[PDB]
Peer 1: 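Okay, here's the structure, questions in a sec.
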Amino acid sequence: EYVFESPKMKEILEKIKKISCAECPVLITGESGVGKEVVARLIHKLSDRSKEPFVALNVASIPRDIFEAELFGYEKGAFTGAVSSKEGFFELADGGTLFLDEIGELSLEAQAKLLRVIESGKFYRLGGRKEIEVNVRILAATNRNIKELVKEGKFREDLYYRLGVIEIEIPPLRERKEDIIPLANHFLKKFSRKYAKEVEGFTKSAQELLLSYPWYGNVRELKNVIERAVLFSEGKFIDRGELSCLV
DNA sequence: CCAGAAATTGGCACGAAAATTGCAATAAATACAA
Ligand SMILES: Nc1ncnc2c1ncn2[C@@H]1O[C@H](COP(=O)(O)OP(=O)(O)OP(=O)(O)O)[C@@H](O)[C@H]1O
Ligand SMILES: [Mg+2]
């Protein structure tokens, strides 16, 4: 279960409901730990293809020298040492969703190779002759400022225009103050059962302290703080002093 | 008989198709050691 109790978050949820049945690539931008993975999996879940694979990938974990071999696949005998034919991630997520986390780590050649497939919709194996057609829905998430990347000369402008048809910008947690308290009480329970420590809630002073801290890690930092508070406590209530050192 | 007209020939051209040549080292089945 997730928490959406802020007007901006509710509007984003309505946008997700409207868009989840479309057939266009989605780009999710935001700060660190805002919930981009949550938004991507919520888009996939509320979809007509929710019973299909959701291939999540990190583009920085794929070496350049074999990049196009991983994404598209190769045939037997394509290169020395190719024991047997193998498929790519595009065919693996055929009929489902392909999620690319931190899309800003791509190189220019990889960007062009991805743009060709996103435009045409069909590709070829590394050592193949027939042409493969796929039905992959592409979601891409990043935390960089993509406009500054394209202005500097690091991200292809046409690729950004192709991907940036729909923009979902999750606001920072510091602009979601009315969402801070329901989140903390959500985490405090989850760890309390997990670590078997007994605790009920936060005192008024601790709740006042929570709303004043300008979170830089957004939801993940709040989760870490709540986990530390649960671990380093034994009483039924968390007070100002327990969180004062953490903050 | 003659001069104009018609027929013959082969050199050059042009697009296409066929033949020739450069490349030089791997892949898989099999037997043996822990
Ligand atoms: N509404 C929510 N309710 C509960 N937990 C949430 C909610 N939104 C986000 N989280 C939690 O926030 C954590 C970090 O979020 P997420 O995985 O989406 O990060 P991210 O935005 O992709 O981060 P990064 O930009 O650093 O890659 C997750 O563990 C997730 O459970
Ligand atoms: Mg992420």
Side-chain angles (χ1 to χ4, degrees), chain A residues 22-29 36-37 39-41 43-45 47-144 146 149-165 191 194-196 220 224 227 231:
Chain A
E23 191 34 59
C24 42
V26 183
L27 188 60
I28 327 178
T29 313
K36 294 175 293 181
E37 183 85 9
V39 174
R41 283 204 146 87
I43 288 180
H44 182 68
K45 183 178 61 181
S47 176
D48 47 354
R49 58 181 66 186
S50 57
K51 312 301 178 60
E52 304 295 338
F54 179 82
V55 174
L57 218 66
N58 184 17
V59 303
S61 302
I62 304 179
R64 288 186 62 260
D65 304 324
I66 63 178
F67 181 86
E68 61 173 343
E70 301 293 321
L71 211 61
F72 305 138
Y74 53 86
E75 295 276 7
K76 177 177 177 58
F79 53 90
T80 35
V83 183
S84 58
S85 180
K86 188 174 298 297
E87 58 179 350
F89 289 113
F90 262 95
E91 307 189 35
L92 184 56
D94 196 2
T97 301
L98 181 63
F99 177 67
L100 299 178
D101 206 338
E102 194 63 29
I103 199 62
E105 301 293 333
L106 275 184
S107 299
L108 290 315
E109 49 277 359
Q111 288 175 16
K113 296 169 186 176
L114 179 60
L115 170 66
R116 299 176 195 171
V117 180
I118 295 185
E119 289 179 345
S120 62
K122 296 176 298 180
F123 55 90
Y124 289 80
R125 305 273 256 265
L126 184 66
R129 190 169 302 170
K130 292 295 183 179
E131 191 165 350
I132 298 93
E133 173 183 343
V134 288
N135 198 346
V136 176
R137 168 76 173 277
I138 293 184
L139 316 182
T142 181
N143 54 11
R144 310 277 194 84
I146 184 63
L149 289 181
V150 70
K151 289 176 183 178
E152 178 67 28
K154 300 177 179 178
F155 202 89
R156 295 181 63 95
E157 199 179 5
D158 45 2
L159 180 60
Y160 167 58
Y161 285 144
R162 181 64 63 181
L163 284 172
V165 44
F191 294 108
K194 181 179 182 179
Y195 294 147
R220 182 181 288 114
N224 294 4
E227 186 172 12
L231 269 180

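The analysis underlying the following values was restricted to heavy atoms, covering all of them including side chains, and did not include hydrogens, waters or symmetry mates. We name chains A, B, ... by the order of the sequence lines, and we start the count at 1 in each one.
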Peer 1: Using a 3.5 Å limit for the pairing distances, which stems of at least 3 consecutive Watson-Crick or G-U wobble pairs does DNA chain B take part in?
Peer 2: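 Stem list for DNA chain B: none, no run of 3+ pairs.
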Peer 1: What is the sugar pucker of B/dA24, north (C3'-endo side) or south (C2'-endo side), as given by the torsion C1'-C2'-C3'-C4'?
Peer 2: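 North, since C1'-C2'-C3'-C4' is positive for B/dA24.
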Peer 1: Pick one: which of A/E131, A/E75, A/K130 meets side chain to side chain donor-acceptor pair (under 3.5 Å) with A/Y124?
Peer 2: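 The residue from A/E131, A/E75, A/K130 that satisfies side chain to side chain donor-acceptor pair (under 3.5 Å) with A/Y124 turns out to be A/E131.
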Peer 1: Please state yes or no: are the six-membered rings of B/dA18 and B/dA19 less than 5.5 angstrom apart at their centres, with planes tilted under 30 degrees?
Peer 2: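 Yes, which means the ring centres sit under 5.5 Å apart while the planes stay under 30°.
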Peer 1: With syn defined as a glycosidic angle within 90° of 0 and anti as everything else, classify B/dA25.
Peer 2: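 B/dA25: anti glycosidic orientation.
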Peer 1: Between A/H44 (side chain) and A/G96 (backbone), is there a donor-acceptor pair under 3.5 Å?
Peer 2: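 Not a single qualifying donor-acceptor pair exists.
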Peer 1: Are A/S47 and A/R137 close enough that a side-chain donor and a side-chain acceptor fall under 3.5 Å?
Peer 2: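 No, no side-chain donor-acceptor contact under 3.5 Å.
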Peer 1: Would you say the side-chain atoms of A/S85 pair up with the backbone N or O of A/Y74, donor to acceptor, closer than 3.5 Å?
Peer 2: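 Checking the backbone N and O of A/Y74 against the side chain of A/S85, a donor-acceptor pair under 3.5 Å is found.
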Peer 1: Side chains of A/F99 and A/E37: does their closest heavy-atom pair fall under 4.5 Å?
Peer 2: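 Result yes, sub-4.5 Å side-chain heavy-atom pair found.
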Peer 1: Between A/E91 and A/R125, does at least one N-O distance fall below 4.0 Å, as a salt bridge requires?
Peer 2: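 Between A/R125 and A/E91 there is a salt bridge, with a charged N closer than 4.0 Å to a carboxylate O.
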Peer 1: Using whole Å, report how far CZ of A/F79 lies from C1' of B/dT26.
Peer 2: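 Those two atoms, CZ and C1', are 14 Å apart.
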